[PDB]
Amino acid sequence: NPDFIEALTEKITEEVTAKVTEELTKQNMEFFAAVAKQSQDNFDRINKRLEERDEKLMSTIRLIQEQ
C-alpha cells in the first residue's frame, strides 16, 4: 500500500525533524543569551567611558573657572 509508504516516511520525517529542530533551537537560545551578555558588557564599558569623560570634563571646567 502507498498508505504504508506514506505512513512509514512521515514517522521518519517527524522523528528526524523533531530531534534536529530541538537541538538547533537550544544552540540558537545559547547564542542569543551570549550575544545579549556581549551587548550589556559593551554598553557598561561605554557608560563608564562617559562617566570618566563627564567627570574629567567638569573637573577641567572647574579649574578654568577658578582663574
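We number the residues from 1 along the sequence you see.
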| item | value |
| --- | --- |
| CA B-factor ranking of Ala36, expressed as a third of its chain | lowest |
| B-factor third for the C-alpha atom of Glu22 within its chain | middle |
| Ranked C-alpha temperature factor of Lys11 among modelled chain residues, by third | middle |
| B-factor third for the C-alpha atom of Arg45 within its chain | highest |
